[PDB]
Amino acid sequence: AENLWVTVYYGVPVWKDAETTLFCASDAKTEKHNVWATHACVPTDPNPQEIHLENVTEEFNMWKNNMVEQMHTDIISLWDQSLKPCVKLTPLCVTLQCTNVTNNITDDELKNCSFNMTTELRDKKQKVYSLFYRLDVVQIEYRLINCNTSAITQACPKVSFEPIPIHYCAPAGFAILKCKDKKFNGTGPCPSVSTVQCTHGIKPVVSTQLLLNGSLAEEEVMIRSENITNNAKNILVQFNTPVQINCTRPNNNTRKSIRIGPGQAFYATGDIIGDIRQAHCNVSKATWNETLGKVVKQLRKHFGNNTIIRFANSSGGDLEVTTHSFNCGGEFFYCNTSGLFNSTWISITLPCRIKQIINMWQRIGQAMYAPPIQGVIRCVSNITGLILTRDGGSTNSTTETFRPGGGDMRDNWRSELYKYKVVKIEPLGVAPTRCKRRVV
Amino acid sequence: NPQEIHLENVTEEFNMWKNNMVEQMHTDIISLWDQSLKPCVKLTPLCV
Amino acid sequence: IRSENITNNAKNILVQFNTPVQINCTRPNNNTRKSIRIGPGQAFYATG
Amino acid sequence: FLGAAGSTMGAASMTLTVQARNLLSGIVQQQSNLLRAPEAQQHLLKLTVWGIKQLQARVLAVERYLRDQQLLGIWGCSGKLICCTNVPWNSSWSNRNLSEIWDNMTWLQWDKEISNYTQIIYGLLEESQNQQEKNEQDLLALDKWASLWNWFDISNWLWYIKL
Amino acid sequence: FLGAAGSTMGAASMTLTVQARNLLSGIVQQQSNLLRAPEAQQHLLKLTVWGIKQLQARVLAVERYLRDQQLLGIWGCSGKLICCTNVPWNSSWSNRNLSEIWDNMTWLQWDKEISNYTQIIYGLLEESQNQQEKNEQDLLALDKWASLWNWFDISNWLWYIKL
Amino acid sequence: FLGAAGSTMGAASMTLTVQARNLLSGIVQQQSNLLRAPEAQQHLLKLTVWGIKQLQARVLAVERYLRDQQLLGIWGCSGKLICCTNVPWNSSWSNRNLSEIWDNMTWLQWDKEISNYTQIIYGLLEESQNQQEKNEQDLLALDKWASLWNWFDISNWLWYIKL
Ligand SMILES: *[C@@H]1O[C@H](CO)[C@@H](O[C@@H]2O[C@H](CO)[C@@H](O[C@@H]3O[C@H](CO)[C@@H](O)[C@H](O)[C@@H]3O)[C@H](O)[C@H]2NC(C)=O)[C@H](O)[C@H]1NC(C)=O
Ligand SMILES: *[C@@H]1O[C@H](CO)[C@@H](O[C@@H]2O[C@H](CO)[C@@H](O[C@@H]3O[C@H](CO)[C@@H](O)[C@H](O)[C@@H]3O)[C@H](O)[C@H]2NC(C)=O)[C@H](O)[C@H]1NC(C)=O
Ligand SMILES: *[C@@H]1O[C@H](CO)[C@@H](O[C@@H]2O[C@H](CO)[C@@H](O)[C@H](O)[C@H]2NC(C)=O)[C@H](O)[C@H]1NC(C)=O
Ligand SMILES: *[C@@H]1O[C@H](CO)[C@@H](O)[C@H](O)[C@H]1NC(C)=O
Ligand SMILES: *[C@@H]1O[C@H](CO)[C@@H](O)[C@H](O)[C@H]1NC(C)=O
Ligand SMILES: *[C@@H]1O[C@H](CO)[C@@H](O)[C@H](O)[C@H]1NC(C)=O
Ligand SMILES: *[C@@H]1O[C@H](CO)[C@@H](O)[C@H](O)[C@H]1NC(C)=O
Ligand SMILES: *[C@@H]1O[C@H](CO)[C@@H](O)[C@H](O)[C@H]1NC(C)=O
Ligand SMILES: *[C@@H]1O[C@H](CO)[C@@H](O)[C@H](O)[C@H]1NC(C)=O
Ligand SMILES: *[C@@H]1O[C@H](CO)[C@@H](O)[C@H](O)[C@H]1NC(C)=O
Ligand SMILES: *[C@@H]1O[C@H](CO)[C@@H](O)[C@H](O)[C@H]1NC(C)=O
Ligand SMILES: *[C@@H]1O[C@H](CO)[C@@H](O)[C@H](O)[C@H]1NC(C)=O
Ligand SMILES: *[C@@H]1O[C@H](CO)[C@@H](O)[C@H](O)[C@H]1NC(C)=O
Ligand SMILES: *[C@@H]1O[C@H](CO)[C@@H](O)[C@H](O)[C@H]1NC(C)=O
Ligand SMILES: *[C@@H]1O[C@H](CO)[C@@H](O)[C@H](O)[C@H]1NC(C)=O
Ligand SMILES: *[C@@H]1O[C@H](CO)[C@@H](O)[C@H](O)[C@H]1NC(C)=O
Ligand SMILES: *[C@@H]1O[C@H](CO)[C@@H](O)[C@H](O)[C@H]1NC(C)=O
Ligand SMILES: *[C@@H]1O[C@H](CO)[C@@H](O)[C@H](O)[C@H]1NC(C)=O
Ligand SMILES: *[C@@H]1O[C@H](CO)[C@@H](O)[C@H](O)[C@H]1NC(C)=O
Ligand SMILES: *[C@@H]1O[C@H](CO)[C@@H](O)[C@H](O)[C@H]1NC(C)=O
Ligand SMILES: *[C@@H]1O[C@H](CO)[C@@H](O)[C@H](O)[C@H]1NC(C)=O
Ligand SMILES: *[C@@H]1O[C@H](CO)[C@@H](O)[C@H](O)[C@H]1NC(C)=O
Ligand SMILES: *[C@@H]1O[C@H](CO)[C@@H](O)[C@H](O)[C@H]1NC(C)=O
Ligand SMILES: *[C@@H]1O[C@H](CO)[C@@H](O)[C@H](O)[C@H]1NC(C)=O
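The name given to chain D in the PDB entry is Transmembrane protein gp41, with the source organism recorded as HIV whole-genome vector AA1305#18. In the PDB, the entry goes by the title "Cytoplasmic tail deleted HIV-1 Env bound with three 4E10 Fabs".

By the naming in the PDB entry, chain C goes by Envelope glycoprotein gp120 and is assigned to HIV whole-genome vector AA1305#18.

Draft legend 1. Geometry of the interface of chain B and chain E. Each partner contributes to the interface: chain B provides eight residues, whereas chain E provides ten residues. Taken together, both faces of the contact between chain B and chain E bury some 710 Å²; the carbon and sulfur share is 55%. Inspection of the region where chain B meets chain E yields one salt bridge. A salt bridge links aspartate 28 of chain B to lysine 53 of chain E, with the nearest nitrogen and oxygen atoms 3.3 Å apart. Counting across the chain B and chain E interface gives one residue pair in polar contact. Looking at the side of chain B that touches chain E residue by residue, the class counts come to three nonpolar, three polar and two charged.

Draft legend 2. Layout of the interface of chain A and chain D. Taken together, the contact pairs 53 residues of chain A with 62 residues of chain D. Mapped onto the side of chain A that touches chain D, the elements with two or more residues apiece are β1 (5-10), β3 (50-52), α1 (67-83), β28 (421-425) and β29 (428-433) of chain A. Examining the composition of the side of chain A that touches chain D, we find that six residues originate from one element, β1 of chain A, more than from any other. In terms of residue class, the side of chain A that touches chain D is made up of 33 nonpolar, 13 polar and seven charged. With four bridges connecting them, β1 of chain A and strand β1 (residues 82-88) of chain D associate as antiparallel partners. By the bridge assignment for β1 of chain D, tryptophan 5 of chain A is matched with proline 88 of chain D.

Draft legend 3. Representation of the side chain of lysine 421 of chain A. Residue and element names in this part refer to chain A. One can find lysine 421 in strand β28. Judged by its relative accessible area of 9%, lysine 421 falls in the buried class. Reaching out from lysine 421, the side chain makes a polar contact with the side chain of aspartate 17 at a distance of 2.7 Å. Setting aside residues up to four positions removed in sequence, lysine 421 forms contacts with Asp17, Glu58, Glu59, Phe60, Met67, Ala175, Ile176 and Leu177.

Draft legend 4. Just a positive patch on the surface, in detail. Among the surface-exposed residues, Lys84 and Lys88 of chain A together with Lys38 and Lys42 of chain B lie close enough to one another that they form a single positively charged patch. Along the chain, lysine 88 of chain A falls in the loop between α1 and β5 (97-100).

Draft legend 5. Quick peek at the pairing of strand β22 (residues 332-335) of chain A. Residue and element names in this part refer to chain A. By the alternation rule, side chains of β22 split into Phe332 and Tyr334 and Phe333 and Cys335, which are all buried. Both strand β21 (residues 324-327) and β22 contribute to a ladder of four bridges, which runs antiparallel. Counted as the bridge partner of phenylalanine 326 is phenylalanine 333 from β22. Hairpin connection of β21 to β22: four residues between the antiparallel strands, including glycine 329 at a positive phi of 70°. Note that β22 and strand β23 (residues 351-355) share four bridges and pair antiparallel. Opposite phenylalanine 332, over in β23, you have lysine 355 as the bridge partner.

Draft legend 6. How the structure looks around the site of ligand 17. Taken together, the neighbourhood of ligand 17 is formed by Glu8 and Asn9 of chain B together with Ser7 of chain E. In isolation ligand 17 offers 370 Å² of accessible surface; the protein chains occlude 37% of this area.

Draft legend 7. Spatial organisation of the pattern of salt bridges. Going through the model one piece at a time under the given rule, you end up with 24 salt bridges over all chains. The residue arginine 96 of chain D makes a salt bridge to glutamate 113 of chain D at a minimum N-O spacing of 3.1 Å. Here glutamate 113 of chain D lies in helix α5 (residues 107-113) and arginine 96 of chain D lies in the loop between β1 and α4 (98-101), a separation of 17 residues in the sequence. The exposure class assigned to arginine 96 of chain D is partly exposed, which follows from its relative accessible area of 36%. Via salt bridges that share partners, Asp17, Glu58 and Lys421 of chain A belong to a single interconnected network.

Draft legend 8. Main features of the side chain of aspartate 45 of chain A. Residue and element names in this part refer to chain A. Within the secondary structure layout, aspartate 45 lies in the loop between β2 (15-17) and β3. Summary of buried charges: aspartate 45 has no salt-bridge partner, and the nearest side chain of opposite charge, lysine 29, is 9.0 Å away. Look past the residues within four positions of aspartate 45 in its chain and what remains in contact with it is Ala25, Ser26, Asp27 and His167.

Draft legend 9. Seen up close, the state of the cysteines. Inspection of every chain in the model, using the stated rule, returns twelve disulfides over all chains. Shown here is the disulfide that connects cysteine 77 of chain D with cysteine 83 of chain D, its sulfur atoms set 2.0 Å apart. Torsion about the S-S bond of the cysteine 77 of chain D and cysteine 83 of chain D cystine: about -140°, corresponding to left-handed handedness. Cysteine 77 of chain D gets classed as buried once you look at its relative accessible area, which sits at 1%. Classification of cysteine 83 of chain D by relative accessible area gives buried; the value is 1%. Note on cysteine 40 of chain B: no disulfide assigned, nearest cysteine sulfur contributed by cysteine 47 of chain B at a separation of 18 Å. Look at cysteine 40 of chain B and you get partly exposed, because its relative accessible area is 47%.

Draft legend 10. Region of interest: the packing of helix α6 (residues 118-130) of chain E against helix α7 (residues 133-140) of chain E. Residues and elements named next belong to chain E. At a minimum axis separation of 4 Å, α6 and α7 run at an interaxial angle of 10°. As summarised for this structure, α6 and α7 are arranged roughly parallel, according to the angle between their axes. Contact with α6, carried on its side by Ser128, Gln129 and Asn130, involves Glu133, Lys134 and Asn135 of α7 and no other residues of that element. Partitioning the contact of α6 with α7 into residue classes produces no nonpolar, four polar and two charged.

So, how was this worked out
Residues numbered from 1 in each chain as written, not as in the entry; some residues may be left out. Chains lettered and ligands numbered in written order. Part of a larger assembly, values for the part shown. Heavy atoms only, no water. Residues with missing side-chain atoms left out of burial classes, pairs and counts. Contact = heavy atoms within 4.5 Å. Buried area = accessible area lost by both parts, 1.4 Å probe. Salt bridge = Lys/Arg side-chain N within 4 Å of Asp/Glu carboxyl O. Polar contact = N/O pair within 3.5 Å; in protein donor to acceptor, adjacent residues only side chain to side chain. Nonpolar A, V, L, I, M, F, W, Y, C, P; charged D, E, K, R; others polar. Helix = DSSP H or I, 4+ residues; strand = E, 2+ residues; numbered from the N terminus. Pairing = 2+ DSSP bridges. Buried < 20%, exposed > 50% of the residue type's maximum accessible area, 1.4 Å probe, protein only. Patch = residues over 30% accessible without salt bridge, like charges linked within 9 Å, V, L, I, M, F, W, Y side chains within 5 Å. Areas by Shrake-Rupley, 256 points an atom, 1.4 Å probe, with all protein chains shown as cover. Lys, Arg positive; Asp, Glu negative; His and termini not counted. Charge placed at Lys NZ, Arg CZ, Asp CG, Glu CD. Near = heavy atom within 4 Å. Disulfide = S-S within 2.5 Å. Axes fitted to C-alpha atoms, helices over the stretch in contact; angles between N-to-C directions. Parallel < 35°, antiparallel > 145°, perpendicular 65-115°, else oblique.

Right, here's the structure in full:
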């Protein structure tokens, strides 16, 4: 043919995979004192225009995604930002003379501690009642457990820890893809993609070993991993059925304010009303038996249909790795989930222990102090998936064992940013055509 | 130098009780107060 | 030889070489370190 | 927005029979959420996390949406979404069929075709836009428009309209 | 700057016989005070109050002074302060007198006249700028193996090269 | 980049036979290092020194690289690196030789020549670009007997080219 001529095109819809900063979008609803919304970071959240593309098989990845690292450093930065202007408690690390309590049943326990404090005008100290748990006092009679580690800044009691959903909206000149294929397992080409301006509601919960209040997939309980062949690779699993967790804490927990120096109060747990029972969580055994049936009946597709056993999580770690750790309206539970894992191959109570001095929920160093909550604490919501690890070893053929380990906080956010990917837009494209410019 | 320009011909409506510059001035003054007061000496050993 | 002006006596006269003369510096002792705990988790390193 | 990015360039001839399938207005007007409220907040909070992150995202989008306007300025194409050039399809070695390209090939596959030599084309275009075209236009005024045409040496005008 | 904003559009025909009465240069060149010294300060002070407020004001002015340039780009009017369009005055129902508008009506009263349908006009304009005008221009230079061969169009070309 | 800035404007006629010796692309594309990584860092560090200094440098470069585009817009030269104007070389008193200027004088010495009256030229240019040229274009959609045949000014209109 004839010699064609180059013709630029501005606005060609091509894209490359890139990495950039995103931002919030939430909604307004006063009392916006939330730790994760930083008092309504972007309170807009407009109408969600979603556009299909109908014709493109884009490759995705969830184990190389970038938005999970942005979400993780955003959450730890919002934590340390909200914790900053609250009361320090470095005058609390003192020698405590404690004794047991006796009003109710054994096997709970609490320690009735008293110390020299109430230091107000820098000259007068007082003997003060307080009522601490175990798991945050040690012997020498007693001191707090974090006094050989760092300082112990308490939370401001006006803020709350309810995980209101946030939405990551991309900046201009970038786009957020979204795989709609309901059987996209973990990674690869998704055949039917879509484009949104921003993601759905992401409740940024923090829960080990059983991720809560999640976005549950379809009736095929999906199995995600990096590769099943490696034994040290966390096997996420996602449900389709919201099994309920009726958790509670039975006592009444009067609060007692202590003045420390100038205007810095300190809230210590006073004398409770006098019914010491144990904190527990109920799950109905029928629906749990069925959802284990589904997870085990879609785990035999990945290897031979033989002898699946599950166990308690060999412990060590601390409570963060061994027990299901979560907070229920500002009170931090730790629940012994041995009683959910026996051998599936062919109502349930759970004892929960409560810590009060929490570590930095990933790191070592600074540690917060959760002030007590008045009344009876009771919160219910759904589980949405587990986090398992294979053991393997010399089990060359049978007795495959799974134990719900899993300790990192990133995998919770990989359980909802798997169907998303960020792309840059390169609007400038050239193409040979049959047009040539009128040269004057 | 303060260049001021008349318009000669327009009756614009004003408001002083719904103005926005007073709230900007008020939060500016309290923020400048707490910013300048910040690096000075504490006196918590004085409460005796 | 660099200066601002040689005429002023209080003007620093920089000078720049062409030959790297070496300085073998040392400190002969051994200096064991000793960690001291101060309050909560703030160590303090004193020369043992 | 992006609604036929997976289509072939013949079915994405459909895209550039509309506003390049709304790509440019989606570039600059998806700012409207962070344009609507970086300021609706009346809260102290004494520090700002988004005060650097949102600002960096914003000026990143602005400089990216100005480099392309300057590059269309440098090839005489400023304003025009689709314009043609005097640069020929050169010795550039992806010489192939017209009815293969604009009938059965997507924009992304086309980007995979000519991923090389793209900076060669970008360097090549301004050459014919400027180094002779601007110099011919500089010639075209240092001669009276209606006074040279008597010589019968009018080809210079013809030469400037063919080559 | 703004010196006859209260005048009628006939006495603000005076405004657009000058640089729209200096409006655009007052848009971009009133930045010159915060352009002259965001940097003349050599002070530590360990924190910055204006480091977010001035920056937000600055990039707000920049994005506002680019949306209008992009909107003039999308109606083929880029560069030109006053340009005309192929969109007719449509069924738009503020049909009234020429000697009423451009003799006795201010710009602000005129904004109060057509405060509605303004987004209708903005959606309407690019339609005639693009959807047929760009497609007619695309029809121009595709099929003419006989573009070198033109015999009865020389007269316009000659007129055009002088005027 | 800047490769013949010390040459005379005749040997820097060489500069504007290439992309003004790459000056504009070096203006906007030397941003590419702080464009490549203001975001590759994944570190907390709890505070930012560059979070104001880099941002101030960035928006300083952007407003400087937009004032010149707006000033080329205000003289009808938007897009065009080299354009001519209707303003004559006026009574401006550096009247000198053509073969002295564009043969033996550098750009910097030329800036030292006309360091005065530069704002006079900048005020002078838009006058002939707008106050009569835009008003003549506003006339050029309707006229009386004169537009086809005024038979007076046309000789002087030819005379402007003549003298
Ligand atoms: C563990 O069990 C699965 C069961 O699906 C075995 O995979 C193979 O799965 C296919 C379906 O994806 C089976 O085909 C089916 O056969 C039935 C008749 O039994 C027919 O009615 C269906 O329409 C379908 O065609 C296939 O039989 C099955 N292979 C078997 C059972 O050997 C998997 O192989 C089993 N694991 C091992 C180690 O064998
Ligand atoms: C599990 O899902 C629930 C669903 O909302 C999350 O929210 C918690 O829901 C309970 C109600 O079932 C709330 O308890 C009470 O709400 C009433 C409403 O009138 C209020 O008056 C009481 O003061 C009390 O708050 C509870 O507040 C609410 N939020 C929290 C933080 O517990 C729940 O968060 C989910 N679980 C986890 C671990 O996130
Ligand atoms: C999940 O689906 C993906 C879809 O691509 C599978 O990924 C690849 O599949 C091909 C063909 O089966 C294999 O050759 C590759 O080795 C797979 N890649 C990976 C990373 O697995 C994948 O097999 C499916 N299963 C899992 C557990 O990821
Ligand atoms: C307190 O409880 C602990 C629990 O083992 C026990 O060893 C101790 O004797 C108890 N002391 C009193 C006074 O009841
Ligand atoms: C507080 O100081 C007094 C001083 O004698 C001491 O008797 C008392 O035991 C101290 N408090 C505690 C908790 O030991
Ligand atoms: C859990 O089950 C026990 C068994 O009857 C019951 O007494 C208790 O109230 C239940 N707790 C919750 C929170 O439902
Ligand atoms: C703790 O000891 C004090 C000592 O008087 C007592 O008054 C208080 O009731 C005790 N707390 C409990 C829960 O028994
Ligand atoms: C949970 O309680 C059971 C009760 O026998 C105990 O044996 C088990 O060790 C506990 N779980 C863990 C993880 O230690
Ligand atoms: C498994 O079942 C046995 C039946 O006696 C029970 O004793 C045991 O506690 C169960 N273990 C787990 C981990 O569920
Ligand atoms: C908790 O204490 C309050 C205070 O008097 C009391 O009214 C209430 O009945 C107690 N019990 C609860 C909330 O179960
Ligand atoms: C839990 O599951 C139910 C049933 O689908 C659902 O309606 C609800 O929104 C879920 N989440 C809660 C209670 O937070
Ligand atoms: C400096 O010189 C002395 C003289 O012998 C020698 O003993 C010493 O080791 C030298 N020090 C170094 C650092 O070379
Ligand atoms: C996708 O490609 C098919 C060709 O088989 C075409 O018919 C369809 O219109 C395309 N979809 C879009 C949205 O362009
Ligand atoms: C161009 O490509 C099409 C297939 O897409 C083919 O049918 C046609 O014959 C080709 N034309 C030439 C001239 O090669
Ligand atoms: C034409 O397009 C279809 C689908 O778009 C594809 O299957 C086929 O291979 C293509 N043929 C050629 C010659 O490009
Ligand atoms: C295009 O450039 C890449 C550089 O990343 C090179 O690997 C490839 O061989 C080039 N040629 C093609 C794709 O024809
Ligand atoms: C204001 O309007 C009057 C009309 O009565 C006019 O004469 C005058 O020039 C106008 N002023 C300006 C500044 O345009
Ligand atoms: C236009 O309006 C003026 C009043 O401003 C009036 O004198 C004139 O007659 C009107 N012309 C028409 C054609 O209505
Ligand atoms: C003309 O303008 C004057 C002042 O600008 C005003 O008083 C008068 O009412 C106007 N008349 C019309 C018909 O608009
Ligand atoms: C113009 O739009 C406004 C909406 O704010 C409406 O109230 C009004 O009736 C409209 N029409 C006019 C002013 O003629
Ligand atoms: C510098 O000037 C001399 C004139 O004597 C010229 O020959 C030479 O090319 C110039 N150099 C450059 C880089 O323009
Ligand atoms: C212009 O200047 C050159 C020297 O650069 C000189 O040779 C020439 O004669 C001058 N021409 C006129 C007309 O003055
Ligand atoms: C011409 O240029 C050379 C070097 O560039 C210089 O030495 C000489 O003086 C110049 N002559 C004139 C007349 O400008
Ligand atoms: C140009 O302006 C400067 C102002 O800085 C003045 O000093 C000088 O005399 C002027 N004239 C020249 C350089 O011919």
